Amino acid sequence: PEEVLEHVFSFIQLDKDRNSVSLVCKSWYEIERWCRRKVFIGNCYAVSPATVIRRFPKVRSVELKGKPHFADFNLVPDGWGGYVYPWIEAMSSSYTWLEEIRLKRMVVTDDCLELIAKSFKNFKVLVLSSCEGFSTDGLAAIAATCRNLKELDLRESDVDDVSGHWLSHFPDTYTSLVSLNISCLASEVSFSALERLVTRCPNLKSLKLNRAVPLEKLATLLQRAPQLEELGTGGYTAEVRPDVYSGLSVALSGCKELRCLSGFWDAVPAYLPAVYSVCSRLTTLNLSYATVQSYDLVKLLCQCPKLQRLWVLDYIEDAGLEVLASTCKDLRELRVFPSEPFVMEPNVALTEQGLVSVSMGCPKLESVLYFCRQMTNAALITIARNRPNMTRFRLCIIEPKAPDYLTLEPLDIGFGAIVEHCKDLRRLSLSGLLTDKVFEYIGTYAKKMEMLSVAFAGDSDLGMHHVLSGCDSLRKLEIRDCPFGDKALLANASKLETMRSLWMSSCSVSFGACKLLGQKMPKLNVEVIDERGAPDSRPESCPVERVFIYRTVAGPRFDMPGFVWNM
């Protein structure tokens, strides 16, 4: 009975649950749209501003993702798309009460930022995860205008460096900042502006600095920010001096609420110890940019018993992870990045025994990203054996098509065990020497798997076909340099419709099959992204460079650059 329904509905905040209510009857469809607070739009071309604005009119929070994931590997050329302007314009006049905009991998310009700033009075949360196309003039515009701002989170964005002067446009009456993340900025912000800023903002819980803030100034900021829950240091290097060390040590330990640490660029082993007051209550540690050798890392990790997330270079090494394994019983997620990929010549001693160790040791480990240079099915089988609760596993063997190094064999059984034994594996990245067999594996067992990424693997379309055929939960599949082509793709065209997207580049998908697929399937945009010009000026049997395929309810897009073609 309406009022009551409104209120019951407010308790439901899950997109899948929201959707689910909207389909019970016309009447629930109706109440529900009207009191929908946020929309998640994982593919910005899947639907149109106007469609969204007109269904869900009282929206306070919008999330948009642009380019697909393989943009992070440089495999989507510029101009491709991602433009958010149309969204701001549309929402600008329609969404007065709009508070948050989280964009991922979109093009965002100074003009957008301006328009956000101008149209949105209650505007509180701007996250720009991996965006590009604005400069600090844009951020100035936000600083100056958004009286109520709470988050300015620029994680990974590519900014134009005009000047670190944008930050000082926050007016002296501004206090409401909760989270500031400027790690991608190279522009040196004004230290006094910042410091003054940190001080009048009593609710600021997350501060992530850029490299330009030097170690020596860290302590000062922290004295102003004693209630911080997350800190990302700036530069973490300096002349060794016990004044400096000590000022650090105290300020750091006056932050009793600190749980996450990152930053550490150029970090000096002499100054990490400063951070040991925090270590014992720390849940997230991100040591990705520290090039500190293993023992140092070990000394830091020994005293991190409550640690849930660790990202670290492979400098940690096997011994490293052996420690981690006895030390952090609560560890949920581990990411080991490479320190030196473009050498095939082991500069660290990080092997598979590392991950193997962690997997007996951490009852709760369930997300992995691991870069090593060698692997075996026995490792993988053991890992799968040990970690049935695993839910994301991304292995990345550096030298491609590398076989198991003891038996010289494919890694198919290795990975088979992962997918067999890890019934909630919701995500997966593969590497090493792999035959169509792994795919039969994936297809038979990976039933909950949502996301698969594959490179230099498989034998024939039969690989891709097992995957489109068996993987019931698939949402995103992305393939590069495999011998998958037309057969697999057309035998399974209707699957594409149950999936947010598929991406294939440097594969064997002919221009011919692209056209056919377009025709069979009006409602997919089947996009050829190719850089040698008109496709119809090559024999239709010729492989396209890249094709990107996604369902949409909006038909072909209006912003294709010159090297993109909708079939």
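So that there is no doubt, residue numbering starts at 1 and follows the sequence shown.
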- Hey, which bit's got the bigger mean C-alpha B factor in the entry, 154 to 162 or 200 to 208? 154 to 162
- Note on the structure: Mean Cα B-factor check, 227 to 235 vs 481 to 489, entry values; winner is 481 to 489
- Query: Per the PDB entry, which option out of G263, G354, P346, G443 has the greatest Cα B factor?
  - Reply: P346
- Query: Quick one: which of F393, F371, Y174, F456 has the biggest Cα B-factor according to the entry?
  - Reply: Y174
- Third of the chain's Cα B-factor distribution that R55 belongs to, per the entry: middle
- Message: Could you place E409 in the lowest, middle or highest third of its chain by Cα temperature factor, using the values in the record?
- Response: middle
- Item | Third of chain Cα B-factors occupied by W34 | highest
- Of the three thirds of Cα B-factor ranks in this chain, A270 occupies the middle
- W28: which third of its chain by C-alpha temperature factor? highest
